[PDB]
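Following this are structure 1 and structure 2, which are two forms of one protein chain, each written alone as structure tokens.
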Structure 1
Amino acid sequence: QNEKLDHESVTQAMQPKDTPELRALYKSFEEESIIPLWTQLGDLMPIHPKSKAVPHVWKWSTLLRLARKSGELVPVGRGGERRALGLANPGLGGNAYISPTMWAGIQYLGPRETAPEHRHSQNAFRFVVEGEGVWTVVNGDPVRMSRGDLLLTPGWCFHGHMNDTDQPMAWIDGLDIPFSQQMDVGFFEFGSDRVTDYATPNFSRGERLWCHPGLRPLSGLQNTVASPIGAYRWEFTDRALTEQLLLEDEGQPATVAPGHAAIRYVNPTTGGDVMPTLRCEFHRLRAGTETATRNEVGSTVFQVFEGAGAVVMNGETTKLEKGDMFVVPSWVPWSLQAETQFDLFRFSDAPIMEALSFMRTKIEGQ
């Protein structure tokens, strides 16, 4: 009976008589920094999530144009720290937030530039749809950046970046900046003005210790809150996804849904998410795959890595190409449709929702 009621259809039984005494009470509320629940229940406590953030798509071709022009006109260095352009959700009041929890940006580093070293409580990762040439130095450990690589920079790790070539590179940054600003957890420290090691090894020290499947160094027996892997290289991700599709061909369980291969990047000390606030995945859909529509608590962002296809959000189809980016705010129904084989990088605030027992998932047909 009452379970089908919403805030529009429910009887409003707390409507006081509009008298001078009531207006005086309400005036007194304002003077005393008091705001009654009864005038705002439905907004404070909706039937289901109703984000101020809206679903939205940014074209890579547009992001690249603006990043390149920024490369001409704006020098990178101290103070501003990075030449990064945050994707700003139209629904979030002028804040540089792609969602209420996450920052997503395109960053551009021109020939031979250095972005100086700093650290901050905010967790961060880099992802590269295309390019090479930059190394990012994380606690003194140079990490090469290449197409298809996920690079991590967990909170409070010193990091700076350098272009070792005569050619520009762009990539995307994800951070829990919006969550951290609203929740007041932000600390920041300036490090050196130049990265602490200009060497450019093929593979970082973190990788050389931690990227052997199923093996753990005896010197690393303590679990970490964030992954000690600095780089999740394209080769491994590509091979994982191929094997899932091959295993499917062979009638063996592997794919998460038919024609839908997918992995989660994990902290190898625990098997959990890469960082406390941020979950990263990579999806590969066979040509013609259409995912079942999901509603999920919290926000996610995808970047198209390869192939052609579309996303549906709130019933609306938007065609997508290589590098395009979209955000799905909390509880917005979404699905992906593959035209060709369709590869996507994904990040979300799901580790926050799951840690606090706020996660819910509705899946079409299930």
Structure 2
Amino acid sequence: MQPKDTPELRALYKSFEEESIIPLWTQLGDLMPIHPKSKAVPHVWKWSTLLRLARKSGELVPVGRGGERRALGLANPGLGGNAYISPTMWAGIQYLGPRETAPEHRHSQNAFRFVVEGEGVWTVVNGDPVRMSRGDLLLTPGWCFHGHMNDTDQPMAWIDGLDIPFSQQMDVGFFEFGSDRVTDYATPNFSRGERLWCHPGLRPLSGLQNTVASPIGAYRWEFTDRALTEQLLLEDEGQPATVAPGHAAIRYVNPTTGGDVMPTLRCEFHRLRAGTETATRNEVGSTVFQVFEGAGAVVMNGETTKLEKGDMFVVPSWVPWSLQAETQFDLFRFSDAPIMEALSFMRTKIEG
């Protein structure tokens, strides 16, 4: 507003209200901001806290009661009690107890599982049984049947990433329950997907068709490790490879395409040489990082926070960020960048 206030002016606004009209001129210039100004706020979650609350939940929330969906969603303080870590992503610590099972469902929302501690648990994706290990990235791409079974007396914890907040806000979700059909879990070290698609530079003649989401069920830790190590080795030998000095990094990729793992979520993994400081970045859309191994710190909006093994933080859109590595510093990273990029909304500013 800025029409000089008036009995008739007020009459007008009355009739708006009454006809579902909201006028653009009274409309708080956050409607069209000079740059992104997210409701979501930068925030870190200490792993020691997450872990403690995870365990206690597996002492108090049994199957039948609340367990079954035993996942601690990280809720962004800025998102009015929604349980969104960012406008576009859901990130939760899922705590799977001894011998525990989940029946099969399917949903349009895209999802991954990054395993933090544990082993001997299979997520069965479209009938294909996928083993889980510390450091593995698992995909359960939209509209693929998934459930899981813990084959062990030991608990497991993984990060659950989904595009739930995007899909809720944009009205895009469907959900189906599995038929009464029986999932008699096989137990293989390697899923059929991996056995077919995890041979570098080779494609089976039976998979000539490109796919919207990756047919790789798990991107195993051995390969991620090997690839980052090799990037640092190359650097030592004076060869081009790292994204920036002392900065090893890979993007997990759909092999049929070279593109992202799934339409709405990008996954990366970074390894910072001890003492590396990344150049400050402004990026459209939101990212979540989790510290896999090592210790260092983040800077967001000029403010520093020390990080250790397991901690997670989110950088909402256009918040300037950089990472500083005390030790060798290994991070897992997911973002909503494919959304941004598909729609030409991506922009990047680099301090350097």
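For residue numbers, the reference is structure 1: its sequence is counted from 1. Definition used throughout: the rigid core is the maximal C-alpha set that superposes within 1.5 Å between two forms.
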Of 205, 194, 294, 286, Cα shift of 2 Å or more between structure 1 and structure 2 on rigid-core superposition seen only for 194
For this session: Compare the position of the CA of residue 145 between structure 1 and structure 2 after a rigid core fit and state whether the shift reaches 2 Å.
Result: no
- Message: My question is whether residue 79 is one of the residues whose C-alpha shifts by 2 Å or more between structure 1 and structure 2, given a fit on the rigid core.
- Response: yes
Shift in angstrom of the residue 129 C-alpha between structure 1 and structure 2, rigid core held fixed, comes out at 2.4
Core-superposed CA shift of residue 344 between structure 1 and structure 2, in Å, is 0.2
